[PDB]
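Data block below; observations after.
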Amino acid sequence: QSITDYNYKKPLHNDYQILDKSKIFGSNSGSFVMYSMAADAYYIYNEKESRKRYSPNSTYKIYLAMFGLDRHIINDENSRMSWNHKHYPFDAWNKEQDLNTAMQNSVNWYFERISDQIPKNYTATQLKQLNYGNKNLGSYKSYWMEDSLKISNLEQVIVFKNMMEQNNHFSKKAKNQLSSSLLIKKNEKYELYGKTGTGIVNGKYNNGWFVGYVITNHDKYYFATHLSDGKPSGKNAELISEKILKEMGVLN
Ligand SMILES: *C(=O)[C@@H](NC(=O)c1ccccc1-c1ccccc1C(=O)O)[C@@H]1N[C@@H](C(=O)O)C(C)(C)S1
């Protein structure tokens, strides 16, 4: 909307390292950002592109889940929601959900039902405290889905790291419940947590995301891949993230 709604220009006062992951990105365009907790350092492929703000799409379900937990819309004993019989094109959406199944299968209606219960003033307060991108709530409907609210790839990392790692307003039990819903892979070497997002505009992919974090025995890393062109889907952003993280030594 405004002059600053499409970019993040705040300096990184940290140590940062330029990466070249162009061979992994291939015919896709976008950026990758990682932050290491132990190093207090950022690692960025395509820094210019990492500061452009895009709709977060389904990655904002991270924040809707945290808000839903914070406001006691869902909890640790019961995060179940019944299906209202509206037919969806995916069978995984046509059934009862809890936080885990909704996050895993990116069930939009579950998060929409959460958002409907959240008053605009609370969201505005939270996006301000979190420094969430352009903080633009617009019409306040599905404002995170190809709409007013935009965030950069660099901000996806900073905002998620700060939300989880600072001693703040969100409880440890909420943070733990969200983490459980985001767990993708666990083995002897690492735990990988994350969430995809895919935007579709006029039948074409236009905006792919995979935002998450890795816990190893030595460190914790927050990361995000954004795709703006080529085949810009969440699925592809996840594949790219895994290839990059592997090369960097984060996954062993
Ligand atoms: C998350 O971003 C999300 N996005 C969408 O569903 C979406 C966004 C914009 C336009 C269309 C759609 C969409 C996708 C699938 C089916 C129907 C529709 C629609 O509204 O017509 C949900 N998350 C994605 C992810 O990558 O995790 C998803 C593709 C699983 S769907």
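If you're wondering about the labels, chains in the structure tokens are A, B, ... by order shown, residues count from 1 in each chain, ligands from 1 in order shown.
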
Determine, counting only C-alpha atoms, which protein, DNA and RNA residues have an atom within 8 Å of an atom of region 30-45 of chain A; residues of the same chain fewer than 6 positions away are not included. Present the result as a ChimeraX atom specification.
/A:14-21,153-154,157,219-229,241

How would you write, as a ChimeraX atom specification, the set of residues in region 90-207 of chain A that DSSP gives as alpha helix (DSSP H)?
/A:99-105,108-117,120-130,153-165,172-182

At a cut-off of 9 Å and counting only C-alpha atoms and all ligand atoms, what residues surround ligand 1? Please answer as an MDAnalysis selection string.
chainID A and resid 56:61 88:90 103:108 144:146 195:210 233:235

7 Å contact set for residue 54 (chain A), only C-alpha atoms, chain neighbours under 6 positions out, as an MDAnalysis selection string:
chainID A and resid 150:152

Write out, as an mmCIF file, in the first residue's frame, the residues just selected, with C-alpha atoms.
```
data_model
loop_
_atom_site.group_PDB
_atom_site.id
_atom_site.type_symbol
_atom_site.label_atom_id
_atom_site.label_comp_id
_atom_site.auth_asym_id
_atom_site.auth_seq_id
_atom_site.Cartn_x
_atom_site.Cartn_y
_atom_site.Cartn_z
ATOM 1 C CA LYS A 150 3.593 -8.471 3.380
ATOM 2 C CA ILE A 151 6.881 -9.554 4.907
ATOM 3 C CA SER A 152 10.420 -10.007 3.550
#
```

Could you give me, as a ChimeraX atom specification, the residues within 9 Å of residue 84 (chain A), counting only C-alpha atoms and dropping anything in the same chain fewer than 6 positions from it?
/A:94-96

Please produce an output containing C-alpha atoms for each residue in the selection, written as an mmCIF file, in the first residue's frame.
```cif
data_model
loop_
_atom_site.group_PDB
_atom_site.id
_atom_site.type_symbol
_atom_site.label_atom_id
_atom_site.label_comp_id
_atom_site.auth_asym_id
_atom_site.auth_seq_id
_atom_site.Cartn_x
_atom_site.Cartn_y
_atom_site.Cartn_z
ATOM 1 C CA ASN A 94 -12.734 -32.651 4.471
ATOM 2 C CA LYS A 95 -12.527 -33.895 8.079
ATOM 3 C CA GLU A 96 -12.054 -32.951 11.699
#
```
